[PDB]
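What follows is each chain in one-letter form.
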Amino acid sequence: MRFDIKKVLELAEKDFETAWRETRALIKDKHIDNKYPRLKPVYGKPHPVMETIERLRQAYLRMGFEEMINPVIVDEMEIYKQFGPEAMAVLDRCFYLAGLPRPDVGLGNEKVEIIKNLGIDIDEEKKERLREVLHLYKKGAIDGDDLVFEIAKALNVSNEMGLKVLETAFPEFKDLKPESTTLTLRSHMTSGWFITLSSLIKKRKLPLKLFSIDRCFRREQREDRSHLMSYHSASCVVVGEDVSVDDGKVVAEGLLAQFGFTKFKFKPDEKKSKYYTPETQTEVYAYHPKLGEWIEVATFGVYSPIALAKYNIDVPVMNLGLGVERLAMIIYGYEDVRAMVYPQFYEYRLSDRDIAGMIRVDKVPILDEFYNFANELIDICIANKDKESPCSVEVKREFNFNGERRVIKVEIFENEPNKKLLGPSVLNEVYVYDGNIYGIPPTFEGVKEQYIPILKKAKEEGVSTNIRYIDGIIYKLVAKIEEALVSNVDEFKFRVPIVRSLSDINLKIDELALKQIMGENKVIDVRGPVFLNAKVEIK
Amino acid sequence: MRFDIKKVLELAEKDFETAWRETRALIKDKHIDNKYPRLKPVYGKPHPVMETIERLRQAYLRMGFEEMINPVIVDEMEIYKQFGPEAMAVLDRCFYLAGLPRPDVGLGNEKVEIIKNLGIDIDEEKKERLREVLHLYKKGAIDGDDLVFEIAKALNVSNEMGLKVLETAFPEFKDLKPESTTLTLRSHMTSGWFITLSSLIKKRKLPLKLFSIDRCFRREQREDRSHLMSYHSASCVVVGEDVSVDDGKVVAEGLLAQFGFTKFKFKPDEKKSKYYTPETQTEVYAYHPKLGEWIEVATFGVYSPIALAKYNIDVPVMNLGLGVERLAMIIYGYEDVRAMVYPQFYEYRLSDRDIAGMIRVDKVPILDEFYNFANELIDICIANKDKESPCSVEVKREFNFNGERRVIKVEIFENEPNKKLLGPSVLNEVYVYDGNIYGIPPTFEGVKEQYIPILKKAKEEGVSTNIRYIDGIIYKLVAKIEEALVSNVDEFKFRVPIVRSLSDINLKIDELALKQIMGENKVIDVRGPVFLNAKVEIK
Amino acid sequence: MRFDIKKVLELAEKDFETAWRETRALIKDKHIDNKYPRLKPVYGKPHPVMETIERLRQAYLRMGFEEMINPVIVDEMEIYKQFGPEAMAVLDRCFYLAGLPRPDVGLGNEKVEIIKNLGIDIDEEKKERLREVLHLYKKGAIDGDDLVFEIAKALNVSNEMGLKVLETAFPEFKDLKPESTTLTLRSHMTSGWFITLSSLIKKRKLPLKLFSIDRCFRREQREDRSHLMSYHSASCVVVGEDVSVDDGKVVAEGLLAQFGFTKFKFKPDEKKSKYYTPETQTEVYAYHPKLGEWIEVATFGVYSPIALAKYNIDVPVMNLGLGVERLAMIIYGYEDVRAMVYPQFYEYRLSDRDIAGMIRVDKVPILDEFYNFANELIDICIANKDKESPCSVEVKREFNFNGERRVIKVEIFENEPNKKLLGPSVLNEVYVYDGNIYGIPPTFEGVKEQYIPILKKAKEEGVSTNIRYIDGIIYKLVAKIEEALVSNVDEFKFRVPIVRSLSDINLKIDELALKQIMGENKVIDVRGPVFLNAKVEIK
Amino acid sequence: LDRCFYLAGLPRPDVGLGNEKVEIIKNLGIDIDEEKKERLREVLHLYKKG
């Protein structure tokens, strides 16, 4: 509710009497179901791999490298030019594209077979003998959707015609085998660089520096413990009339150096790929000041004149590759690659900070009036101690319901002795630590008072739910009062909980978390012989 | 050359005599070959598509969307669950992966055929009958490179063994056909979203907002005038217990709204994909205040409960897709998609600003001393006018060469009348406009003096090369003087150019640009009867 | 040098004989002065504070906050409205702007004083009695530069007039005191937020979320050990008809949570600023998993209705501030703030990786021919061992100099016994570790062979310079040969070094690093009794 | 400098500590409210001393 200017402003000017210290209201806490930790924040969360890409992509740009986009699909021949007599071995790890072919059932072999199948279906076929209408096959194939044959302005027909030409027919169509092609995916911007280079050297002026961080597919065939089938390669190439492996080392440094890496070094690669001038293919191991043993993040080399020759390139080229997902794991400290590339496909651990915001309140008054009464009734209960009952706390509010219904006397006390006016606690914060749910009053004992570093604010780990016992307890009470004014009840005082958990004192829990609490042997120590039946009549 | 502090500082303090106005030197112009436009700047250039991705990726994050990475390769069955009886039509545009299979030549059919091929080669085979050694095939296939069999510490062998098992053998290996699989690529994060969703709804707490801008492959089979085979889809999904098409419209707005788009609107899609609840698939046409007719940038819908059911999802999902390359063209105003995705694969037009930096100087003194003499000799020539010759400008410098060689008298004048002391110009800037090369003195004529808006600084388009006639001309002269002190020449005065172009006055041109100038009917109007033989002896 | 296509391509096709393995050349290592570590990479380096700003600025945007720019300079009165009776204490830390005032020397007091100073100078004053010309003072003050009075088309005058009206005059002008004003800088976007709010609440529709990370000036008067005079405040404000301190806690979380912070918590601020509703000003301490004890990164509160009233704001406001430089230090692990805000103003430590690239080669052949000879001559020296001399390695190359000058017999050997043909090393890499310069051959000894983890590639820390002894040594020799063909020398064999450092074997060092090596007690252990006088005649 | 702002802060009006030789027995309490405790002149000498 918005407040008035002068209404409050007057408390100032010249008539300033406890103005500031007052007016604290005008801004009430929006219920308890939205008071945080129950109230969480929202913000776009960038994926670790994609972010790492947007960082490298930026890493190069700051080195002056020109961003490119190499062809993703290359022809089997293009790899022969680069690798050569070796390609016949590398292709072992390359996927080949394929599509809807031709089973060669006719149009050539159809000389002694065609008078067999003349309608292998059992439904309706409007119109008559109008053989063929959509000759849109190999003549400008204009298709891709359904709604093949229909109807418009007429009657008794509807939008439907020929939506059944399979199932109980076409035996050799479900097992149809799309014939392969000479078009294959790739691996490393290299198989693309040449192409992107061949027809670029004579169009631009050297020296030339280029980079392209895109996808690639390294055929591994099912690998849940050794990368996947498609990774991101942060490659680049340096076209220079005078370049060597050194131009590669420097790049690898200037690149890693932008992530806080100071220790890496290089070591000759045994693979000695034949598309690389001999003795240049050097691996680039990296070890960032933290976990992740010296792991290979990159690998670069020089394009052998022979290979560059086949592409009509009259100048040496240096190429450095860097596995994005590789460096990715090092950055965010990830072990299982899969668990990173696809964050949500397994884990989902809920941190203590989350649990707190998942320990909601069971029942509460659904009437702003009563709700307010609760809070008010709660601050009241904060009084006295033991006395084996009774007291003098009965006379209470008398607000209306639907018509004159009021006079709701609520008496509060603790009949059972040694439990104060309400108990030796009723002020337990109910914190959350190491996945466990505790909650203890700011007092002291001696036995389990070792959980100091645990829970409790100040300099003691653990997140609070900002909910004391009495809170849920009273809300439970006031809730009932409400549930009664509609059920026609005159008296109260109830009981139901028994040694179990934090039930009672209200506070329920979302499925998740509760699925973890028990799924990981977490304890929920609260303990509360509340009861506080406390007689409350409505007359 | 670095200067001295006090040396210059003294000219101040209390003895301040034209100090500032002087000391202009100490900072000489680094030659003429590096004086700009010849001196161009370098900076990383981000690709239009990738940048657009880094913008959208950021567009979502600012809307609170969570970044993900959906599986790129899905099984043929996963599409059946989403599409269903329709998938048998959409698969028409989906590539299937494949690799090194088994021709079924033996290990099953090998019962009456094996005593035929026992060595189809004609070279060397070290050692003896040691049939098989690397049984690393179907038993933990540890391969991928060459260097198969080698040698280490010994003599007479070298690193080479068995690098020939084809060519003149294996007839059915080059035509080998990698058998297909049940693994196919995809199209739209959708075919991935379900998967990424199915096993995520019960791990997280709703509502749920996710996005992933990654690659996809829409089988089109050779399309140079209709997208390619792999595009980028900026998709997203909103998991909410209460969502509808509206949640899609809003996204499309909040998304496009971050690019300056205010006009878009939506229209129902006729395709009515069956993996979308009926009457939800609405296209999202966009028209940014500029070129590019109202073009479809997005398209969203709602996942039909049936489809979501097959994936064990108990809640509606809204999915909005946006073609990155699509919006890409609208942003950078591109027509041909290909010409954008792969910038350098055709065009490379050189803007006037480039030409200027490509109009270099033909010949120049290779001796700092002479070079300096040129510049000095150039400012000198700036004198007098006509006189049908002669004058009194002979006595000149006398610097050393390799030993006492000096006394180089250089006389300057214009023998032919009506050509001033050098000419009615010799101060032509040589500008570049509309791809043409002009250059005219700051004087006036009357005929072609219409090219005012063209060339010339101030408020008249066109880029200058900052090179006057005399410049190249004198450099040409001084150059010769130099070329002579080594050739043993005593006199000079030469001639060679004739009505052609800007030859003479030096200034040559790089292959490119010159390939355009003529390749696009550009004119090179300079015209210069220089000659200035000007006698110059060295004794 | 560019190579030919077919020239190399022919080695393939069908005539493939050691093609790949060959052609290794065509790409020579560009000298040794540019072979890395001597060859370092370059890339724009973002300042830690500014980057942190570009991260927070992005942190908010991802939370939906609207970016603003609050006024930097506010009037003394604006702070009174916010703070009130307290402002009279806070202003103690606020700078006040000031400019060229009026000493009140006349125009009011000029009644009995004006006939005193009528020209307190001793130079020239062109023209005559033309009292005043530029009445551009308080009447549209159009000034700001010099070139006050000048001259154009004429003779005997030059661009200069009245450039002297001080020094030997105006006694009370150098000590001139610019009078203060009611305009002061600020501290925290707060003093700006109100203003930015007051005239914004009725223009926009609530709720309202805003943020602005800009500068602020907290008067501390010289603080080299307690922040400076101007810091960056990453503040924000949430205008909501229903907001409380909680809306602040959540922000602080959603903000820090985007830096990897999971531990922070809040604690009530004792300061209890009166411009904040009582009991809301809560500090926000943060402890990132690393160094930097629990340090206060933020602090937020609620604007007291009274203060908001004075600005005509009819609704509570939540404000959270965050010291950028504060979080900055935590991120990049900085102790001294100054050492961060102004990176280069003290330190500049050169990491080992740098030293390597600063250990250049003393002297080298300045003739491509000789240079090449060196490298060739170097691989040659790699032969034999001890023999107390001599051998059979004299006959050598015979290339031309300036004319027939050739036949340069270079004999190589080690006269002194127990030093092999050259020495028991001459292959020392010369590494760099812990700021020290070592370098040892890949052999072994037993005494100091404890520096294994030190230097040496593989899995042993330390950066190499990729320079062996012989390298510098031979370059030194070949260098001489060259220096001789011009000095007219016939024989050689020299000596000059003695127990000192790595001198000899060439290799010098840049001033810096060498300033550190000794400035921090670093050792340079090489030790080399080279000598290798090796007789070399030129006839 | 004609276009440059100069910083400034709480100065000293030079009312005493130097000119206080014939003026100090004038203002000994220019207020009309409460002042707890008694004659305990000064307690927070936190001015020019840290």
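Residues numbered from 1 in each chain as written, not as in the entry; some residues may be left out. Chains lettered and ligands numbered in written order. Part of a larger assembly, values for the part shown. Heavy atoms only, no water.

**A word on the overall build of chain D**
Piece 1. Within chain D, the secondary structure is distributed over zero helices and zero strands.
Piece 2. Here chain D has a C-alpha radius of gyration of 17 Å; the compact-globule value for 50 residues is 10 Å, and the former is much larger.
Piece 3. Principal axes of the C-alpha set define a box for chain D whose edges measure 55 × 25 × 25 Å.
Piece 4. Buried residues in chain D amount to 0% of all 50 residues. (Helix = DSSP H or I, 4+ residues; strand = E, 2+ residues; numbered from the N terminus. Rg over C-alpha atoms; globule rule 2.2 N^0.38 Å. Buried < 20%, exposed > 50% of the residue type's maximum accessible area, 1.4 Å probe, protein only.)

**Brief notes about the sheet that holds strand β7 (residues 267-268) of chain C**
Paired through backbone hydrogen bonds, the strands of a sheet run either parallel or antiparallel to each other.
All names here are of chain C.
Piece 1. Overall, mixed pairing links the seven strands, which are arranged β1-β5-β6-β10-β9-β8-β7 in an open sheet. The open sheet has two free edges, formed respectively by β1 (66-67) and β7, since each of these has just one partner strand.
Piece 2. Judged from the two bridges that link them, β7 and strand β8 (residues 282-286) form a sheet pairing that is antiparallel. Among the inter-strand pairings, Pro268 is bridged to a residue of β8, identified as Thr282.
Piece 3. Contacting β1, β5 (208-216), β6 (231-239) and β10 (317-322), helix α2 (residues 48-61) runs over the sheet at an angle of about 170° to β5. (Pairing = 2+ DSSP bridges. Contact = heavy atoms within 4.5 Å. Axes fitted to C-alpha atoms, helices over the stretch in contact; angles between N-to-C directions.)

**Quick look at the interface of chain A and chain B**
Piece 1. Counting residues at the interface gives 70 residues for chain A, matched by 71 residues for chain B.
Piece 2. Buried area between chain A and chain B, both sides added, is near 6400 Å², and the carbon and sulfur share of it is 61%.
Piece 3. Linking chain A to chain B there are eight salt bridges.
Piece 4. Between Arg215(B) and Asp214(A) there is a salt bridge, with its nearest N and O atoms 2.7 Å apart.
Piece 5. The tally of links from chain A across to chain B stands at 17 residue pairs in polar contact.
Piece 6. Broken down by secondary-structure element, the contributors of at least two residues to the side of chain A that touches chain B are α2 (48-61), β1 (66-67), β3 (96-98) and β5 (208-216) of chain A.
Piece 7. Its residues placed into classes, the side of chain A that touches chain B shows 34 nonpolar, nine polar and 27 charged. (Buried area = accessible area lost by both parts, 1.4 Å probe. Salt bridge = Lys/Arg side-chain N within 4 Å of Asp/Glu carboxyl O. Polar contact = N/O pair within 3.5 Å; in protein donor to acceptor, adjacent residues only side chain to side chain. Nonpolar A, V, L, I, M, F, W, Y, C, P; charged D, E, K, R; others polar.)

**Quick notes on the interface of chain C and chain D**
Piece 1. If you look at the interface, chain C gives ten residues, while chain D gives seven residues.
Piece 2. A buried area of about 840 Å², summed over both sides, lies between chain C and chain D, and 62% of it is on carbon and sulfur atoms.
Piece 3. At the junction of chain C with chain D, the criterion picks out zero salt bridges.
Piece 4. The leading source of residues in the side of chain C that touches chain D is strand β3 (residues 96-98) of chain C, at three residues.
Piece 5. Per-class residue counts for the side of chain C that touches chain D are six nonpolar, two polar and two charged.

**Some remarks on empty space enclosed by the protein**
Piece 1. Summed over the entire model, instances satisfying the criterion amount to 14 cavities of 30 Å³ or more.
Piece 2. Lining of the largest cavity is provided by 16 residues; of these, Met50(A), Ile53(A), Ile213(A), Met50(B) and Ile53(B) occupy positions nearest its centre.
Piece 3. Mapped onto the lining of the largest cavity, the elements with two or more residues apiece are α2 and β5 of chain A together with α2 (48-61) and β5 (208-216) of chain B.
Piece 4. Class assignment for the residues of the lining of the largest cavity results in six nonpolar, two polar and eight charged. (1 Å grid on protein atoms, 1.4 Å probe; cavity = no way out; pocket = protein on both sides within 12 Å on 5 of 7 lines; lining within 4 Å. Points joined across faces, edges and corners; volume = space filled by probe spheres on them.)

**Digging into the side chain of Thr280(B)**
All names here are of chain B.
Piece 1. Tracing the chain through its elements places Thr280 in the loop between β7 (267-268) and β8 (282-286).
Piece 2. Given the relative accessible area of 9%, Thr280 is considered buried.
Piece 3. A polar atom in the side chain of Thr280 sits 2.5 Å from the backbone oxygen of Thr277.
Piece 4. In this structure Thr280 touches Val245, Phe300, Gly301 and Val302, once residues within four positions along its chain are discounted.

**Some thoughts on the domain arrangement of chain A**
Residues and elements named next belong to chain A.
Piece 1. With domains assigned, chain A is organised as domain 1 (28-41 + 349-539), domain 2 (42-99 + 179-348) and domain 3 (100-178).
Piece 2. Measuring from the centre of the C-alpha atoms in domain 2 to the corresponding centre in domain 3 gives 47 Å.
Piece 3. With four residues of domain 2 at the contact, the number on the domain 3 side is four residues.
Piece 4. Roughly 260 Å² of surface becomes buried between domain 2 and domain 3 when both sides are summed, with 55% attributable to carbon and sulfur atoms.
Piece 5. Between domain 2 and domain 3 we count zero salt bridges in total.
Piece 6. Looking at the side of domain 2 that touches domain 3 residue by residue, the classes come out as one nonpolar, two polar and one charged. (Domains from an automatic or database assignment.)

**Details of the pairing of strand β10 (residues 317-322) of chain A**
Walk down a regular strand and you will see the side chains alternate between the two sheet faces.
Residue and element names in this part refer to chain A.
Piece 1. In terms of residue burial, β10 counts as a mostly covered element, since six of its six residues are buried.
Piece 2. Pairing between strand β6 (residues 231-239) and β10: four bridges, direction antiparallel. Bridge pairing in β10 places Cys236 opposite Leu320.
Piece 3. Pairing analysis gives five bridges linking strand β9 (residues 295-302) to β10, with the strands arranged antiparallel. Looking across to β10, one finds that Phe300 is bridged to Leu320.

**Observations regarding the pattern of salt bridges**
Piece 1. Scanning the entire structure with this criterion turns up 63 salt bridges over all chains.
Piece 2. Residue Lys272(A) is joined to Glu279(A) by a salt bridge in which the shortest nitrogen-to-oxygen separation is 3.3 Å.
Piece 3. Here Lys522(A) and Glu520(A) are joined by a salt bridge, their closest N and O atoms 2.7 Å apart.
Piece 4. Through salt bridges with shared partners, a single ionic network connects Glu51(A), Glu54(A), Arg57(B) and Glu67(B).

**Re the sheet that holds strand β12 (residues 436-437) of chain B**
Residues and elements named next belong to chain B.
Piece 1. Pairing is antiparallel in the open sheet, where three strands are placed in the order β12-β11-β13. Looking along the sheet, the strands with just one partner apiece sit at the ends: β12 and β13 (463-464).
Piece 2. As paired strands, strand β11 (residues 431-433) and β12 are joined by two bridges and run antiparallel to one another. Considered in β12, the bridge of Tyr433 is made with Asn436.

**A few points about the relation of the copies chain A and chain B**
Piece 1. Overlaying chain A with chain B gives an RMSD of 0.0 Å, the required rotation being 179° about an axis along which the chain moves by 0.1 Å. Taken together, these values place the two copies in the relation of a two-fold axis. Of every C-alpha in chain A, the one belonging to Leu97(A) sits nearest the axis of rotation, 2.9 Å from it.
Piece 2. Looking at chain A, 94% of its interface residues are interface residues in chain B too, so the copies touch through the same face. (Least-squares fit on C-alpha atoms.)

**Focus: unusual backbone geometry**
Piece 1. Backbone torsion omega between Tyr36(B) and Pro37(B) reads 0°, so that peptide bond is classified as cis.
Piece 2. Following the sequence through the fold, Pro37(B) ends up in the loop between α1 (5-9) and α2.
Piece 3. Cis geometry is found at the peptide bond from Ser389(C) to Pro390(C), where omega equals 0°.
Piece 4. Of note, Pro390(C) is situated in the loop between α11 (368-381) and β11 (431-433).
Piece 5. Unlike most non-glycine residues, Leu507(C) shows phi in positive territory, near 75°.

**Here's the deal with the side chain of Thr277(B)**
Piece 1. Locating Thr277(B) in the fold gives a position in the loop between β7 and β8.
Piece 2. Discounting residues that sit within four places of it in the chain, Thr277(B) has contacts with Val302(B), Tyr303(B), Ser304(B) and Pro305(B).

**Some details on the packing of helix α11 (residues 368-381) of chain B against helix α12 (residues 469-485) of chain B**
Residues and elements named next belong to chain B.
Piece 1. Running from N to C, α11 and α12 cross one another at 135°; their axes reach a closest spacing of 9 Å. When the interaxial angle is binned, α11 and α12 end up oblique. Viewed along their axes, α11 and α12 form a crossing whose handedness is right-handed. Along its contact with α11, which presents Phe370, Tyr371, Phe373, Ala374, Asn375, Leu377, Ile378 and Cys381, the element α12 presents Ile470, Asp471, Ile474, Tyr475, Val478, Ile481, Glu482 and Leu485.
Piece 2. Its residues assigned to classes, the contact of α11 with α12 shows 13 nonpolar, one polar and two charged. (Parallel < 35°, antiparallel > 145°, perpendicular 65-115°, else oblique. Left-handed = near helix turned anticlockwise from the far one by under 90°.)

**So, helix α8 (residues 324-331) of chain B**
All names here are of chain B.
Piece 1. Summarising burial for α8: six of the eight residues are buried, a large majority.
Piece 2. Taken together, the buried positions of α8 are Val324, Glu325, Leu327, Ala328, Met329 and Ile330.
Piece 3. Tucked inside the fold, the buried residues of α8 contact α2, β5, β6 (231-239), β9 (295-302), β10 (317-322) and α9 (338-341).
Piece 4. Downstream of α8 by a residue or two, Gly333 has a phi angle that is positive, lying close to 50°.

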